Amino acid sequence: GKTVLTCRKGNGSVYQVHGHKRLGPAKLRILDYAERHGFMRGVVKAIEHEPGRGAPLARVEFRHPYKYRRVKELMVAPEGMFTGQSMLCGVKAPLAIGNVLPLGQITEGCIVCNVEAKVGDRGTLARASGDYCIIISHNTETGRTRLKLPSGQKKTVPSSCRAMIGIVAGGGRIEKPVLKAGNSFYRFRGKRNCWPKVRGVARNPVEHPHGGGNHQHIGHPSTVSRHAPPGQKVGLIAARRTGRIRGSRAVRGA
RNA sequence: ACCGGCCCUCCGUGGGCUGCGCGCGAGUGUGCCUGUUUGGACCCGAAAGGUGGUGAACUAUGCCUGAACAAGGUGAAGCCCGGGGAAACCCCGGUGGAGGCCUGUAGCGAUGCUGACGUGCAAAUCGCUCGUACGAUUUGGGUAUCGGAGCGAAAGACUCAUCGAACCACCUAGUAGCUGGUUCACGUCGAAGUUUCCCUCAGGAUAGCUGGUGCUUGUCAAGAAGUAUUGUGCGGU
RNA sequence: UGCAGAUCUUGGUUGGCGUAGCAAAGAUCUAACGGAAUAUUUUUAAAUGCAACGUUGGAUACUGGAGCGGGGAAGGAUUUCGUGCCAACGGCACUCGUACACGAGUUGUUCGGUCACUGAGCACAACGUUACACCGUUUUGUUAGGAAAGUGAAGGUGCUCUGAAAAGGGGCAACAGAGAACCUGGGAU
RNA sequence: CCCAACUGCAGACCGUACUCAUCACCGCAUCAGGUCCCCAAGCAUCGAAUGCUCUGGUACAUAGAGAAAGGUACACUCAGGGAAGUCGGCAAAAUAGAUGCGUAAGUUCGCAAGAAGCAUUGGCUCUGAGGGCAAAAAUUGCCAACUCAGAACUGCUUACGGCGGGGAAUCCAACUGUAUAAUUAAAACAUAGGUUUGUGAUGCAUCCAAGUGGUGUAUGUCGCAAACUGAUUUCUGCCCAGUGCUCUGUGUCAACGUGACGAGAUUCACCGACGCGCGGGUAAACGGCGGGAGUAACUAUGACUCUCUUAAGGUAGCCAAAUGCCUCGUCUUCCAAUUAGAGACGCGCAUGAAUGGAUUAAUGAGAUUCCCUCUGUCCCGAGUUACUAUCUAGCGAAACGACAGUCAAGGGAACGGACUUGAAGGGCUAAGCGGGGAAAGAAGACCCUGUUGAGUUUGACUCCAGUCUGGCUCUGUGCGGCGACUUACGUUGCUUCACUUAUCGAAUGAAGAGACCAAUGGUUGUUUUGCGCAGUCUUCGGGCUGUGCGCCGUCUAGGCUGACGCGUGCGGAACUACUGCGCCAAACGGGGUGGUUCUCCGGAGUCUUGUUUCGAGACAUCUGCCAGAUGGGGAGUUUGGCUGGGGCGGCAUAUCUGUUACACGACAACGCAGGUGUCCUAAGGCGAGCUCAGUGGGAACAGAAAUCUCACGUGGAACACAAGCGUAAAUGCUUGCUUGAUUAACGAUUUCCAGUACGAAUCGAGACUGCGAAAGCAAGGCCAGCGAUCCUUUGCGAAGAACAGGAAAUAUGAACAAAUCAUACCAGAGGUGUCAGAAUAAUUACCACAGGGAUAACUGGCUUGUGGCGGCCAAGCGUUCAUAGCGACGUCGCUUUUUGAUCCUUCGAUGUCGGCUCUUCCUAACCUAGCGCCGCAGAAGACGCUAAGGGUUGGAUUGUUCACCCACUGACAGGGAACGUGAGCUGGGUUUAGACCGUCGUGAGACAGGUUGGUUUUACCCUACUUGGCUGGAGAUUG
RNA sequence: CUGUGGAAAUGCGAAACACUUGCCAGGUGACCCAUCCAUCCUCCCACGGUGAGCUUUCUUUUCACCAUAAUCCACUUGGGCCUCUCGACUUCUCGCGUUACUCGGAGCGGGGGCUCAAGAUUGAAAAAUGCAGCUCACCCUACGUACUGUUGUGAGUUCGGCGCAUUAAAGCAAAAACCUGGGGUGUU
RNA sequence: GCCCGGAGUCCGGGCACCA
Ligand SMILES: [K+]
Ligand SMILES: [K+]
Ligand SMILES: [K+]
Ligand SMILES: [K+]
Ligand SMILES: [K+]
Ligand SMILES: [K+]
Ligand SMILES: [K+]
Ligand SMILES: [K+]
Ligand SMILES: [K+]
Ligand SMILES: [K+]
Ligand SMILES: [K+]
Ligand SMILES: [K+]
Ligand SMILES: [Mg+2]
Ligand SMILES: [Mg+2]
Ligand SMILES: [Mg+2]
Ligand SMILES: [Mg+2]
Ligand SMILES: [Mg+2]
Ligand SMILES: [Mg+2]
Ligand SMILES: [Mg+2]
Ligand SMILES: [Mg+2]
Ligand SMILES: [Mg+2]
Ligand SMILES: [Mg+2]
Ligand SMILES: [Mg+2]
Ligand SMILES: [Mg+2]
Ligand SMILES: [Mg+2]
Ligand SMILES: [Mg+2]
Ligand SMILES: [Mg+2]
Ligand SMILES: [Mg+2]
Ligand SMILES: [Mg+2]
Ligand SMILES: [Mg+2]
Ligand SMILES: [Mg+2]
Ligand SMILES: [Mg+2]
Ligand SMILES: [Mg+2]
Ligand SMILES: [Mg+2]
Ligand SMILES: [Mg+2]
Ligand SMILES: [Mg+2]
Ligand SMILES: [Mg+2]
Ligand SMILES: [Mg+2]
Ligand SMILES: [Mg+2]
Ligand SMILES: [Mg+2]
Ligand SMILES: [Mg+2]
Ligand SMILES: [Mg+2]
Ligand SMILES: [Mg+2]
Ligand SMILES: [Mg+2]
Ligand SMILES: [Mg+2]
Ligand SMILES: [Mg+2]
Ligand SMILES: [Mg+2]
Ligand SMILES: [Mg+2]
Ligand SMILES: [Mg+2]
Ligand SMILES: [Mg+2]
Ligand SMILES: [Mg+2]
Ligand SMILES: [Mg+2]
Ligand SMILES: [Mg+2]
Ligand SMILES: [Mg+2]
Ligand SMILES: [Mg+2]
Ligand SMILES: [Mg+2]
Ligand SMILES: [Mg+2]
Ligand SMILES: [Mg+2]
Ligand SMILES: [Mg+2]
Ligand SMILES: [Mg+2]
Ligand SMILES: [Mg+2]
Ligand SMILES: [Mg+2]
Ligand SMILES: [Mg+2]
Ligand SMILES: [Mg+2]
Ligand SMILES: [Mg+2]
Ligand SMILES: [Mg+2]
Ligand SMILES: [Mg+2]
Ligand SMILES: [Mg+2]
Ligand SMILES: [Mg+2]
Ligand SMILES: [Mg+2]
Ligand SMILES: [Mg+2]
Ligand SMILES: [Mg+2]
Ligand SMILES: [Mg+2]
Ligand SMILES: [Mg+2]
Ligand SMILES: [Mg+2]
Ligand SMILES: [Mg+2]
Ligand SMILES: [Mg+2]
Ligand SMILES: [Mg+2]
Ligand SMILES: [Mg+2]
Ligand SMILES: [Mg+2]
Ligand SMILES: [Mg+2]
Ligand code: NA
Ligand code: NA
Ligand code: NA
Ligand code: NA
Ligand code: NA
Ligand code: NA
Ligand code: NA
Ligand code: NA
Ligand code: NA
Ligand code: NA
Ligand code: NA
Ligand code: NA
Ligand code: NA
Ligand code: NA
Ligand code: NA
Ligand code: NA
Ligand code: NA
C-alpha cells in the first residue's frame, strides 16, 4: 500500500500553520522581582484582531524596571477591557477585572482566565474565546490550589502561579450557523491546510484501511486499539463506548 | 583352496555368508573423435528482482508579492414622507443597492451532432451548439513537498507525449521444460510415438527399436528357425 | 572456414506512380519600367515562343482599435542596415527573402540593474549525530554549555591617555513589493 | 573650526541592434495548437454583442479552364399531410427586441415568473411636459441637452444584424462548486447541518538511521487530532449470543534471581509481569432482526387459539421502486391498437430506519412518459449555390507487395487463382463501385497451459518495524517496619517517611536565592582564636568519643509596651476614585586623604560549608542490554493432479475379487457389480469325538415357531469381513492341553518387473518347544489389510577365564592416564493416504508475459437423439359406413429452417445480436391460371394434381428474432445464400475502465440479477459489375 | 533682547531659530470596494482663417490643421480647527446637511479668522520653437533667401475627495532610509 | 508433549512443535 494521509501530516510540508499575518505569541509579562514583591502598573493601548484566532488581543505598555525605556506586551483580552484602562500585576494588586494576581491571593469561588500551570509559564490554560476556570479551594499547608478546568476536570497547581480575573472575550462564536462552503473556506485560510475532508470509505484500498468494496462500507469494526501501529490507527481510537449518549455525560479524558 | 570381515554348532581335516579380494601382473604419458557436467555455452527473445543517481518548465497542492473581470434584469436591510388606530402596532409611495442571485461579452471550460478530419492543419485539432461568468473566480514571477515515495473537493487521477509503482546507468549476454533460425557433395545403413518411475500429463530418467567398433569361430553349420510332422501335456471362448 | 528465408542487421534499388493529392483565414485587374527569361519560324497580321516574376501610378477589395496597428517580459542571439547575388532552400513561382556573400551598426551623473531594503524562504559558521557528512538544527526576537562587541559618551594632555553605555556570529533571496536627482526641439542616421 | 549666497573642477561599472509570433519562442517544420503586460477612433445600438468605415497595415496562403456521378458546408427552398420516420423528435424547423395589460398549482413565503396569454411598433408634419444664468421680481431678457407623452395625414411585398420555444408528470442528487489531459461530467466527490471517539502538555496524533532532532503547536477544550452520515421538515424501533474495543482481584506464560544432588558439565525445586482466561460496559462499533397447524350463521379470509424455536424474531414507514425470480404480475387511466408511462394492491426470491427511513419548494448540458407549436425525420423525393472530385501547368508521397489474378461441380486439412472433368476467354484501356482477394493494421486482450509474474486482501506459512510489559544498570544520604540465613550477633530481600548531589521537566537577555530572626551547624584558619570536664587509647609528640563556654555572627521599613529595654514583622518611601491614556536615564549632596583640583567611602545594608531560579527526585517522563506478548502497518513465498475445454462434481491418485478379455500368458475407457487403512491370547497350534442347512412321523401346558426322540439328508450350512476357489470319520462344530504369532548363521525363489526397491507369498538348513501311542503337523488367522535418505528413540556387546589380542575379551574421541559424556557397527519403533515419500490461503472488470487451434466461446463439416415434414396396416370416430374427412396400438422414412453430441480447420485475429437497403435461388402452394374429388343443391369450404411466371402491406408496445393487438387486402406462405449483407450504414442490446441497488463474502471482491454513461479506422492495387473509347485479326498475327 | 509675533487656531528664514547616530518617544515609508463628484487626456458640438474636394441642379457646404515639456515666482471647491454670538431642542415636539445608509451642551447654526488638499489666474522659460501656405517673387543648383496664418450645464475618463476604509467565524505585509519632538549641550 | 484443575481415568483449559 501507500502512506495514509494521517501519517503524511507528521512530515509537516504543506500542512504547517499560516502565520505570516500573525502578531506573535500572547503571554503574560515575565515574572520578576517587582511582581513577586509589589505591583507594576500598565496602560491598555489597543485591542487588535489576529487571523486564525477567535479571541481578541490587547497591547499593554509598561515601564522597564531597570532601564530608561518602555516595554510593550501582548496578552489575551478578557471581556470588558477597554482602551485607557489601568492594569496592575503583582502580589499587592487589588481584585478587579483585568488584574494579574497569584492564585493564593484570590478568594475561593472567583472566575479566572490565562492560568499558569507552572510558575513562570506565562499562561497556558483557559485561553479560547469564552472560557474560564473556577477556584475551588486553597491548601495552606502544602501551598496548592484546586481549579475546575473548562473541560470539567479538576487540577492542582502551586499557589504561586498567576492568573487573570475575568473571562475571555469573544464568547458565543460557535452559535451562528455557517450555511455556506465558502464561509468555511475563509475560516481555515488563516489556520492551516486541512479543509475539505474526504471520507475514508470513498478512497481506494491502497490509501486507507476503509477503502474499497463494491458497496461503500467498512468491513471490520471501526474501534481500534491503543497499541495499533501508525497507518492502522484510524477510526475510533481506544473507545470505551460508542453510540448515542443517553443521560448525563461522563468527564472526557484520562 | 587362500586374505580381510560378520557369524553358527553336537567344537571338527564342521558348517554359511560377505569384499570395487587373490587365483604368474597391465599400467602409464601423450594425440584425436564421440558422449556426460559446469560455465554466456549453437544464435536471437519476457512479464519481473536489486544498487546508486536525475527530475514539480507538463501537471497536483500550500505560501510571498503583483494583475484582471463590457452591457442589462430582479430589487434584501437601513432612511424619508404620508395615512389608520385607544393602544399595541398596521398600510401605501419613494429612496437605497444586498446576493457562493438571473440574461449575457472577454476570460475559464467541454454537453450534442455519436458532424468534419481520421497515412490530419494536429502522436487529440477544426465548425456550429452548449456550462459558468463578484467568486469555493481567472492569471504572471518567486518559493516549498517526490519514487514503495510525493500530491489529491478521490477518477488509482497527476508527478516533462512515460504511472495499479517515473526517468538514467549498472548487476545483465538475468532465466525460459516455450516460439523462430541453424550455410558444400556423393556413398553404406536406417527408426519410434510403446514399458516402469517422477508435483509427472507441451519435459525427463529407464528398457525396446538403430548406427559404429568389434571379439571368438565356422564354412555344410555349434546354444539356428514368427514354418511343418510324430509323440506327449494345458484350456472353458 | 562455405547461406535463401531467423516479423534477421547495415546500405542500395524498387512496382504502386507522374498516382493520392498540394481545397479553413473572401481577390485581384490594368499601363509603363526592370529582367537572359521576347514580338525567338526559311522549311502579312491569327491559325508555329506558351506560361510565370519585382517596382511605380491608377482601380477594386480586406483587417475594422479584444487589428495581418505601436511598444516590453520569458525564450531566441545578428534574424537589424547597405551593396551584390539565384547553385541549394522558402512542398507552385521568384528578378523577391528572416536564403547566400562582403562590409557596417547598439554612445547615459539623472533610463533598468548595482552601490543600498526586507518577504515566502535558503544554508556558511558553531554544535550534535553518523562505520562514513554527501545528515540534522539555523525568524514564535533570531546561532552556538555560549568568553563571537576591536565600536567609543562625558573628562585629562597637546594643537594625545582613561573609560560610560550598547544581549542575541557572517551572508543570500523581488529587472511587476520598498527606493529612484531630466525635460522638450532637431536638417542628429 | 561652523554656515548662507554664489563660483571652479570632476561625476565610476554592466545592459541598449532586432523579434515577441497565421514566419523570429515551444510543438522534428515558415505546423488552423499553446504563450504574461500597456495604449484603443466614427455611425447604428442597452453595447468591448454584431454590421460597415477615416488613420495605421495588407492583397501572403499553388494556380488556370470549367454546370458528370458521389461528397463536405461556419448554404438554401419546397405542393398536400404533419413524427406515420427512429431505440429515442437525433438533426432541422420553431420562439425572440421594447412598451401596455395579465399571470396557475405548489411553497421553506424568499420564490415559482420572462409562468401561461392578448395588443402596439414604419414614414411625415405638428403639440405638451421635464432647466440654468442675469438683472430694481408669480417679472423681463439670454441660453444648453435629449428624454417621455400625445394628434392629423400617409404606407406595407410583415422585409438588415442581434435576440428565451412552452406546458403536465415520475426517478435521483438539497442548492453554487469539483472531477477520469486523449472514448465515461453522472445519481460519483465536496458542502453547510447531525453524531461519535481520544486528549489538561513529562499530553493525544505523529515524522525519523541518529542527537538536548521534527509537525498539528505563533496552539490550550468555543482547542487540536481521528471516524461516520450528508440541507431544511418529521423521525431514527428491538438485539451485547459472534467479532472487535474497553474497565476490575488468581489458573497459565519468558528471561533474570534464590536454593539443592553431584567431582563438574548436566539436572531438579521455588519465585516470576503485561497478555490470555474468568467478571462488568458498549450498536450514530462491524453487523443481525423465524417456522408449522386449527378457527366466525353461503363461500372466502382469519380478529382468536395451539405448537417448535431465537441474542432478538423487521416496529414507524415505503414498493413489481435505479431493489420482484416467477413476470409482459393483477385492476384503473392514457391510444384505433401499449412487454412503455402514471395511479392503486402487497406472505416483499432478496424493502426498511445516520450499513439512515419517509417527504420535499428552488436548482440540473442528469434518466423516463405525454401534450401544444413546428417542421424534408418520413409518404417520396425535386431544384439551386460555394469548395472538391473531373481536365490542364508546376510539384509530388505512403500503405501494401511469395508468385499471380474468369467460372461450375468434384474430391481435398470437411468453404480453390493453381489440382480432375466441363464451360468461357482478341489486345490496350478512362471514370466509378465496394461482391470476392477467408484484403490492411497488432506474435488474440476472451478461453486454456507453464512447477512465469505483478497490483490488492485476510482466520494462509515464515518473519520485521512500532506499542506495551518484566529483569539488571544508571543510583546517592538517614531513621524505622516486615521476613530470610547460621548458632541474641552479623549480612541480606522487599518496603513507610524525611532529604539532595546524580538525573528529568520548565522559564529567563541565567536580573535581586538563602541568612542575619541562630542549630540534634563548624571551629586547620589569608597574613596566627580557641578553652575546660568525663571516659578511653598512645610511637610520650598528642589523639578519639560525649559533653559544656567563647568565636564564625550582623543590620532594617513599619506596628505595640515600659531616648534607650522588650515583644510582632521580615527587606518595606506607591494620587484618589466608581471604569477611561502626563514626565522620569548619562547623580545631587556628605565624609577621609592629597594640592575651592585629584582620588577612596557612603548615598545604593552586610555574609556565602559555593548550587541561575522554580518543580519533581533516586522514582521514571531517563541511558544501555537481555526477555515476553501484540503486531497485513510492512517484507518474502505458496495457494495439488486426472479430466470428452476449464470450474463444481467424482477418484478411475496406493491397492483386492468376478466380468468386459476373443478356451496359454498379456490387454483400454470418468466401462459394469462390489471391497480395503480394520478385527482376534483366541477367531493362533495340535489330538480326539461328532455332523451341518433342511424335511417328514411322534410327546402336558406348547400353538407356524421352546424342548425330547427316530429316519432321510453330496453339503443346498459354516469357515470375522467383499467375491471367487476349496473342504464331510474335514479346512466345519464341541472339547482337552498349550504359546511355532519365538529365534531362525545376509540360503534360494515367485508375483509387479527395468527382470530395481517396497508389500505379500513359496521351498530349505540350525536352536528350543507344543500336541500326539505314533507317522506327522505347526515358526499366525491361505490368497487385500501398508511405507525410503536424514533425524529421534529402544534392545544386544552379563560376571569371570587368557604373560597376550590368539577359535574365544565390541571400537573411537589422534601427546598420555581416572571417572562421566558423546559417537560408530547390527535388529526394531515414531511417516510421509499426492501412498518410489515438497513444509503452503484468497482476489483481479486495473491487469501482464511465453505459448497453444495439443483446448472452449461464431461459420463450415460428419450425425439426427430432440425439433420439423411424410408414408404403410387398420381397432375405432363419422344418424348406418374402416379409408368424404380423420385415425389409436405399432412400424418404415425424409430434411438440416431448432437444440444437443463431437473437436477436423482458424488463437503472429476470418469484426460476434437486431434493424435499414438490395439482388437472387428453393418448394413442403397463402393469392393469381387450369383441373379431380366430397358427408359438393346454391353460397362459402375440406382434400389432392400440373405449376415457383407474378404478388405477398400500414401501425401501437419491446434492443429484440420471437410475441401480441388495431386496420387494409386477392393474399397479407414458409425458407436459403459464411445463422446473405459493419473498408454499406446504425450502435438500442451484449462484453472493459466510472457509479448506485439487492443477495453472497470477515475482506479484496462476485452474480448467465436490475440500472445509468461510455472513440465504429484505411481502397489510388487485381478481379467482378456499370458506363466510356483506341485497335489488330481465318495457318485466329506465320505458308 | 538672547530666537521671535498673535488673546487663540498658529505665523516669521542670508548666514546662532547652532548641535543631538550618548539616550528616549512618535510619524512618513504603509497597504480597503462600491455608489457620487470627477483630473491629465479623448470624442462631439459652437466660433472662423489657411489649403484642398464637389458643383447639369442643390449645399452661408464637406475634409485636414489650428500646439506649449520639465523647472521656478506671486481667486474658487472640500476637509480640520480657533474666536465671538454673556452659546441652540425654555415652550406636544429644534436646527444644519447628503443621491445615499446621520450629526449637535463631550458645543448645532450664524459673522470673522487659522490651516491642509485639489485646482484657477499672473509671470520667467517661450516663440528665438512647431505646424501649414506662398514658393511662374527673386533667385540659380544653393537642404537658398523674403513673406502670410496660428464656447460648452455636452458625452467618456480612478489622478484626487478616500479613511479606524467592503462581505467578514475573511478585518488587508515588513524593513532600510528619512522627518519632528522630550530631555540635554550651546549664545548674552 | 508440559503445567494444571475437575472426574487407575476422562474432560476443560493456557503453553510447545526438524523423521
Ligand atoms: K557447451
Ligand atoms: K522528469
Ligand atoms: K444588482
Ligand atoms: K412551472
Ligand atoms: K454560478
Ligand atoms: K456533472
Ligand atoms: K456537468
Ligand atoms: K452535474
Ligand atoms: K496534368
Ligand atoms: K502537369
Ligand atoms: K498537374
Ligand atoms: K471487397
Ligand atoms: Mg511556522
Ligand atoms: Mg516590564
Ligand atoms: Mg472510487
Ligand atoms: Mg490495507
Ligand atoms: Mg470497486
Ligand atoms: Mg535478454
Ligand atoms: Mg522474487
Ligand atoms: Mg511551476
Ligand atoms: Mg448565469
Ligand atoms: Mg464523430
Ligand atoms: Mg476503480
Ligand atoms: Mg544467448
Ligand atoms: Mg523450427
Ligand atoms: Mg536399406
Ligand atoms: Mg514426489
Ligand atoms: Mg548473401
Ligand atoms: Mg491528380
Ligand atoms: Mg485535402
Ligand atoms: Mg470591412
Ligand atoms: Mg519551390
Ligand atoms: Mg546569413
Ligand atoms: Mg525570513
Ligand atoms: Mg519596483
Ligand atoms: Mg535609475
Ligand atoms: Mg502558428
Ligand atoms: Mg440613437
Ligand atoms: Mg467584438
Ligand atoms: Mg462594437
Ligand atoms: Mg495550403
Ligand atoms: Mg412541405
Ligand atoms: Mg405548405
Ligand atoms: Mg412511431
Ligand atoms: Mg436538437
Ligand atoms: Mg397563487
Ligand atoms: Mg411575456
Ligand atoms: Mg448536484
Ligand atoms: Mg452545477
Ligand atoms: Mg476523458
Ligand atoms: Mg438531515
Ligand atoms: Mg437527505
Ligand atoms: Mg453482540
Ligand atoms: Mg414489492
Ligand atoms: Mg423498474
Ligand atoms: Mg410511446
Ligand atoms: Mg434484508
Ligand atoms: Mg438504529
Ligand atoms: Mg440497504
Ligand atoms: Mg442554477
Ligand atoms: Mg447536469
Ligand atoms: Mg469455384
Ligand atoms: Mg487463394
Ligand atoms: Mg500468440
Ligand atoms: Mg508439469
Ligand atoms: Mg503481503
Ligand atoms: Mg486367446
Ligand atoms: Mg487368458
Ligand atoms: Mg479330525
Ligand atoms: Mg499358513
Ligand atoms: Mg467497476
Ligand atoms: Mg483441433
Ligand atoms: Mg490468419
Ligand atoms: Mg483482418
Ligand atoms: Mg473479411
Ligand atoms: Mg443454417
Ligand atoms: Mg451473418
Ligand atoms: Mg465497420
Ligand atoms: Mg451488423
Ligand atoms: Mg462486407
Ligand atoms: Mg447501457
Ligand atoms: Na467528507
Ligand atoms: Na452510502
Ligand atoms: Na456506508
Ligand atoms: Na452568479
Ligand atoms: Na509445439
Ligand atoms: Na494587435
Ligand atoms: Na538582496
Ligand atoms: Na506584442
Ligand atoms: Na502562413
Ligand atoms: Na455524496
Ligand atoms: Na460483545
Ligand atoms: Na411491515
Ligand atoms: Na408500467
Ligand atoms: Na534566571
Ligand atoms: Na489441471
Ligand atoms: Na430426426
Ligand atoms: Na409440388
Side-chain angles (χ1 to χ4, degrees), chain A residues 1-3 6-26 30-33 37-38 43-45 49 51 54 63 65-70 82-86 117-120 122 124-131 149-151 153 155 158 160 170-174 176-187 189-190 192-193 196-207 210 212-245 252-254:
Chain A
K2 293 173 61 73
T3 314
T6 67
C7 297
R8 287 208 265 122
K9 276 181 184 179
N11 293 280
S13 53
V14 291
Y15 313 110
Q16 308 188 52
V17 328
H18 307 155
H20 186 234
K21 309 273 167 147
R22 299 191 180 191
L23 318 164
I30 300 167
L31 176 71
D32 52 346
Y33 185 89
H37 285 93
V43 185
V44 177
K45 291 312 228 260
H49 165 78
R63 278 177 64 234
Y66 311 117
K67 303 275 171 214
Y68 170 59
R69 93 177 60 146
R70 303 236 162 212
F82 62 98
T83 47
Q85 164 170 344
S86 298
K118 304 183 174 192
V119 187
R122 301 173 81 182
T124 54
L125 311 173
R127 295 158 48 101
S129 243
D131 288 315
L149 298 192
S151 71
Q153 296 193 20
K155 179 183 249 304
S160 285
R173 188 183 85 250
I174 52 145
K176 209 225 273 192
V178 171
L179 296 186
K180 280 170 71 189
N183 291 340
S184 289
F185 166 86
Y186 288 113
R187 164 178 175 221
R189 219 188 39 188
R192 78 200 71 86
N193 178 0
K197 328 182 78 70
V198 181
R199 287 169 296 114
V201 283
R203 305 179 206 178
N204 277 315
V206 66
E207 292 128 38
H210 294 176
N214 277 340
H215 301 282
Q216 264 199 17
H217 77 133
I218 320 160
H220 39 96
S222 61
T223 49
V224 72
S225 290
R226 180 69 82 187
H227 305 319
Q232 191 183 83
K233 189 186 285 180
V234 297
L236 312 177
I237 303 169
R240 303 175 174 90
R241 47 130 276 146
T242 43
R244 192 83 153 93
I245 289 176
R252 319 209 92 221

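In what follows, chains are A, B, ... by sequence order, proteins preceding strands, each numbered from 1. Because only heavy atoms are used, hydrogens play no part in the values below, and waters and symmetry mates are left out as well, while side chains stay in.
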Inset, instruction - Evaluate the side chain to side chain contact (heavy atoms under 4.5 Å, CB included) criterion for residues A/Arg122 and A/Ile30: first the C-alpha distance (whole Å), next the side-chain angles of each, then the deciding distance (0.1 Å), finally the verdict. - result: CA-CA 7 Å; A/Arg122 301 173 81 182; A/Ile30 300 167; 3.7 Å; yes
Inset, instruction - Let me see the working for A/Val201 and A/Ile218 under side chain to side chain contact (heavy atoms under 4.5 Å, CB included), right down to the final yes or no. - result: CA-CA 7 Å; A/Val201 283; A/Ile218 320 160; 3.7 Å; yes
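Considering only side-chain N and O atoms, A/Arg8 lies nowhere under 4.0 angstrom from the phosphate OP1 or OP2 of D/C207. Neither OP1 nor OP2 of E/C24 sits under 4.0 Å from any side-chain N or O of A/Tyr68. Contact between the side-chain N/O atoms of A/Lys155 and the OP1/OP2 oxygens of D/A201 is found at a separation under 4.0 Å. Taking only side-chain nitrogens and oxygens, A/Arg192 never comes nearer than 4.0 Å to OP1 or OP2 of B/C63. Neither OP1 nor OP2 of C/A120 sits under 4.0 Å from any side-chain N or O of A/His20. A close approach under 4.0 Å does occur between a side-chain nitrogen or oxygen of A/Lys233 and OP1 or OP2 of D/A205. Remark: A/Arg226 is not in phosphate contact with D/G198, judged by side-chain N or O atoms under 4.0 Å from OP1 or OP2. Between A/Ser184 and D/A192, a side-chain N or O to OP1/OP2 separation shorter than 4.0 Å is present. Taking side-chain N and O atoms only, A/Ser13 has no distance below 4.0 Å to OP1 or OP2 of B/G150. Side-chain nitrogen and oxygen atoms of A/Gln153 include at least one within less than 4.0 Å of the OP1 or OP2 phosphate oxygen of D/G200. Side-chain nitrogen and oxygen atoms of A/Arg240 include at least one within less than 4.0 Å of the OP1 or OP2 phosphate oxygen of D/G198.
The side-chain ring of A/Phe185 is not stacked on the base of B/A136, judged by centre separation under 5.5 angstrom and plane angle under 30 degrees. The aromatic ring of A/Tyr66 stacks onto the base of D/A511, its centre lying under 5.5 Å from the centre of the six-membered base ring with the two planes under 30° apart.
In this structure, of D/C245, D/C228, D/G571, it is D/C228 that holds the atom nearest to the side chain of A/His210.
Of all heavy-atom pairs spanning A/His210 and A/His220, the tightest one is CD2-CE1, 4.0 Å.
Rounded to whole Å, the separation between the P atoms of D/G724 and D/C686 comes to 28 Å. Between D/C228 and D/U183, the two P atoms lie 31 Å apart (nearest whole Å).
In D/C448 the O4'-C1'-N dihedral to the base is more than 90° from 0, which defines an anti nucleotide. Glycosidic conformation, D/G644: syn, with the torsion inside 90° of 0.
Checked by atom type, the side-chain pair A/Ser129/A/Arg173 shows a donor-acceptor distance below 3.5 Å. Using modelled atom types, one finds a donor on one side chain and an acceptor on the other under 3.5 Å when comparing A/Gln216 with A/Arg199.
Nucleotides E/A118 and E/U76 satisfy the base-pair criterion: a Watson-Crick or G-U wobble arrangement whose two donor-acceptor distances both fall under 3.5 Å. The base of D/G141 engages D/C133 as a Watson-Crick or G-U wobble partner, both distances under 3.5 Å. D/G314 and D/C560 are not base-paired, meeting neither the Watson-Crick nor the G-U wobble geometry with both donor-acceptor distances under 3.5 Å.
The furanose ring of D/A704 falls on the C3'-endo (north) side of the pseudorotation cycle, as its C1'-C2'-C3'-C4' torsion is above zero.
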